[PDB]
Amino acid sequence: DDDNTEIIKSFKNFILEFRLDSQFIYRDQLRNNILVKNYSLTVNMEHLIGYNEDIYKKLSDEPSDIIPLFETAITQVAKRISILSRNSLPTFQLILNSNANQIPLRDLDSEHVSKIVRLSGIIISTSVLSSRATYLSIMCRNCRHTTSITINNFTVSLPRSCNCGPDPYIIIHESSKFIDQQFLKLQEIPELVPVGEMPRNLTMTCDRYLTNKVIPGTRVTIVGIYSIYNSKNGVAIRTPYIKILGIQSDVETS
Amino acid sequence: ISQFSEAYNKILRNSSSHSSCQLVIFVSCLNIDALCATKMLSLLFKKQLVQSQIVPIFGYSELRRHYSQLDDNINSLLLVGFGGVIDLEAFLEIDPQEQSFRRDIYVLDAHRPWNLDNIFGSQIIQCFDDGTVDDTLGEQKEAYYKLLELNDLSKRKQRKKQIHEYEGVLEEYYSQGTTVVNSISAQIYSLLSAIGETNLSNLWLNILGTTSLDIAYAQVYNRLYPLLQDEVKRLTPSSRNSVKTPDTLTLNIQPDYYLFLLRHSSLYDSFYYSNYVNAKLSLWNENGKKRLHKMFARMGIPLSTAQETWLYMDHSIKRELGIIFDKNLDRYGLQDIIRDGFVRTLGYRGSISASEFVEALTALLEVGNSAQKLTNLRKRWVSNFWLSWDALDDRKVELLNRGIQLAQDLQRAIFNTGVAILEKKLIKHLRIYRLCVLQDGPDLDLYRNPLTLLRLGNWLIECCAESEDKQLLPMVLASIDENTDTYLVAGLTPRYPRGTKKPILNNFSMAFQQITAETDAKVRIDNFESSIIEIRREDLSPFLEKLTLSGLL
């Protein structure tokens, strides 16, 4: 994966060299974020597209295969800032909020699936937190293979190879690093465009530092990727959800 | 009538002092050219650290309040865009004080013809007539040396016959249309290059200046490109990028478009509001609106992708932006769109088209801000001037965008209302000339400013005539909200469809002065421009009838 090296080098070069005249907005965004122990970063796409058109050309192409190489790309930077040597430092979440063009809820039909979509709606109720996993160790029921699986985002079955089989892998919960998740569910705004019909509600998964960021009932504008999950209820009929990166409430709202 | 460098050394010798200096440069007035000029002028002063007073004058009548009130130690004065038409020697008076007169008022103007009393009989000037109309201009030359100071009965009759002989041809002169020869900025740069400053943002000020007026003609500007492009060739930030780099990082040539706000707005909205295209494609019509979409069907650009902001459109469409237009636009008669333009890139912020910047400043001038009310309003415009002055600065970009979010909105107003007119076919073809009046409309607050009606008037005289046979006929507009029936009425000039044979010399300046000299019914030349005047609804109708006849054209 020299290509991922090529992409991550461009992301480092985007964080370290970026200049708004003359402070480095991101690089200081980083420091001032690790000190308060926020462990997050908010990219402003306009600066991004200003810097290179290219990396935004790919980031609006296949977001879910790229964005995590951006996460690892930035946490590899906080290693050189927040500490120095010659731990532990979670891979930061990035929250990107940008103008673009508002795409109303009714107008989401396929065709933009896995392409970043900014939109606007009133949140109905927030689902109770539950943890997904980030880094979990796994041992085999027989050969006892000790495997540290780095699970990324954005479901993923466990590897069967070190009889043995079919799936002899146990989750060690004593060493496993966990994050959080939310599930907002948002009803589009009553002004537009209900017409004569009840307004649809797309299910959204916030995670890590955006979680509990928003009280249910407050208007917001979400950004996030658009994507689909299975959830047996045929055929095939997969149902739609919006991953959120990252959320920004309306003015102010505090 | 002087060397620019030498007029400069003069304004140098009378300047320095203590408690210096003193000079007040008058920036005037509402014309973006003024800013363009006086900003590079003011930067030039700051270079030698010469103290200055800079005044935002609106009204031509307003200048009298200033010059007559506060002057004490000021031996060297500078003025911009005023006096080319009406002479200030009679208007201010002057009253010669102390040859080698103590105060030198420099008057910079692009307007023609110069006042007769100005250039000859040196008192307050020190004229800026150089070098555009020198000329001769033998018509003003014989106007004085003959006139001044001017068997015996036949010599008296001969003499008087000669006097009227000169007075006739003289009457031909100074009664004429007011038309800008060259942008005052350009000349300030010609003055600036002799001193030796090549500064980049300076040059950008020149580009701004030249491109201030392309909304209205060129006229010479079509040949100003050498005088700019060569200068762009006289410097360069780097031989090759070296992306970006974060500094210098400067202006460059790109295939720019008369298309409106391409870079800071969504593409479809950028055609739909553009001024040149609102004409040829009949966009006020629902039947023509579709023809746009057919354009997009020809380009293969999605409608949804047209609705999206220009920063974020796909890269392929960007690389094909200079091709697809060639492939398609030719077929719609829209082939004149692509200019060779100037674009300054600030890098990581974005880039800005020379023209769009001017759209930002104009946007700033009217928004984003019985005699007491008009004075207070003109005052609000005076304050607003500086809000617009600030946007020129590089170090603050944060408010420049506050201009652009306005520049969009204004069009969304202007276009809208503009269409509100063509639905009712409010155009009166009359006989001698075309004329209109807005009796009612939404949000006349935007239309208070002279320049707003300059742009609406512009999009309308552009819309009515493609051309569009026959006979480009100048247009008239009027609007009223408050200030008790002020009913502002601005003169306009016809637009040729890129094939321009003659300047055509707006005649409303003369036609209005003929009426001020007749019954003068609530006629007010208070606005600095000869084309734009004020009226009352009581006296507007007899004024319109007296406008119809006698027609001077």
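Residues numbered from 1 in each chain as written, not as in the entry; some residues may be left out. Chains lettered and ligands numbered in written order. Part of a larger assembly, values for the part shown. Heavy atoms only, no water. Residues with missing side-chain atoms left out of burial classes, pairs and counts.

J.: Got a minute to help me understand the domain arrangement of chain A in this structure?
T.: Here chain A is partitioned into domain 1 (1–101), domain 2 (102–131 + 180–254) and domain 3 (132–179). Measuring from the centre of the C-alpha atoms in domain 1 of chain A to the corresponding centre in domain 3 of chain A gives 29 Å. (Domains from an automatic or database assignment.)

J.: Would you explain the sheet that holds strand β8 (residues 201–205) of chain A in this entry?
T.: Sheets are built from strands that pair by backbone hydrogen bonding, the pairs being arranged parallel or antiparallel. Residues and elements named next belong to chain A. Taken together, seven strands build an open sheet; the order of strands is β10-β11-β8-β7-β3-β9-β12 and the sheet is mixed. In this open sheet, the two edge strands, each paired with only one partner strand, are β10 (226–229) and β12 (248–249). Looking at chain direction, strand β3 (residues 119–126) and strand β9 (residues 219–222) are connected through four bridges and run antiparallel. Across the sheet, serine 120 pairs through a bridge with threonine 221, a residue of β9. (Pairing = 2+ DSSP bridges. Helix = DSSP H or I, 4+ residues; strand = E, 2+ residues; numbered from the N terminus.)

J.: In this structure, what is going on with the environment of A:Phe24? I would like to understand it.
T.: Summarising the element assignment, A:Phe24 is placed in the loop between α1 (2–16) and α2 (25–35). Setting aside its immediate chain neighbours within four residues, A:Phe24 contacts A:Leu16, A:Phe18 and A:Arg19. (Contact = heavy atoms within 4.5 Å.)

J.: Looking at this model, I keep getting lost on the state of the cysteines. Mind explaining?
T.: Structurally, a disulfide amounts to a covalent bond that connects the sulfur atoms of two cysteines. Counted according to the given criterion, the structure contains one disulfide over all chains. Across the disulfide, A:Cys143 is cross-linked to A:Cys162 (sulfur-sulfur distance 2.0 Å). By relative accessible area, which is 53% here, A:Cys162 ends up exposed. With no disulfide of its own, B:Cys464 lies closest to B:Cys463 among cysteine sulfurs, the gap being 6.5 Å. (Disulfide = S-S within 2.5 Å. Buried < 20%, exposed > 50% of the residue type's maximum accessible area, 1.4 Å probe, protein only.)

J.: Teacher, can you tell me more about helix α5 (residues 63–81) of chain A here?
T.: Turn by turn, an α-helix covers 3.6 residues, leaving residues three or four places apart pointing in a common direction. Residue and element names in this part refer to chain A. Here α5 spans 27 Å end to end across 19 residues, near enough to the 27 Å set by a 1.5 Å rise per residue. Residues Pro63, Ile66, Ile67, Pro68, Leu69, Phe70, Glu71, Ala73, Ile74, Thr75, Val77 and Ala78 constitute the buried set of α5. The secondary structure elements touched by the buried residues of α5 are α1, α2, β1 (40–41), α4 (53–59) and β2 (93–94). (Expected span 1.5 Å × (residues − 1).)

J.: What is the right way to look at the packing of helix α2 (residues 32–48) of chain B against helix α18 (residues 371–390) of chain B in this model?
T.: The relative placement of two packed helices is expressed as an angle between their axes plus a distance between the axes. Residue and element names in this part refer to chain B. Across the interface, α2 lies against α18 with an axial gap of 11 Å and an inter-helix angle of 65°. Remark: the crossing between α2 and α18 carries right-handed chirality. Only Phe385, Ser388 and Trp389 of α18 make contact with α2, whose side of the interface consists of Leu35, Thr38 and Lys39. Residue classes in the contact of α2 with α18 are distributed as three nonpolar, two polar and one charged. (Axes fitted to C-alpha atoms, helices over the stretch in contact; angles between N-to-C directions. Left-handed = near helix turned anticlockwise from the far one by under 90°. Nonpolar A, V, L, I, M, F, W, Y, C, P; charged D, E, K, R; others polar.)

J.: Just checking my understanding: could you explain the interface of chain B and chain A for this structure?
T.: Where interface size is quoted, it is often the accessible area lost as the parts come together. Each partner contributes residues to the interface: chain B has 15 residues there, and chain A has 18 residues. Summed over both sides, the interface between chain B and chain A buries roughly 1400 Å², with carbon and sulfur atoms accounting for 50% of that surface. The three residues of chain B that bury the most area against chain A are B:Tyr312, B:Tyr348 and B:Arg349, which together make up 54% of that side's buried surface. Linking chain B with chain A are two salt bridges. Across the pair A:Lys57 and B:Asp314 runs a salt bridge, and its minimum N-O distance is 3.9 Å. (Buried area = accessible area lost by both parts, 1.4 Å probe. Salt bridge = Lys/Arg side-chain N within 4 Å of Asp/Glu carboxyl O.)

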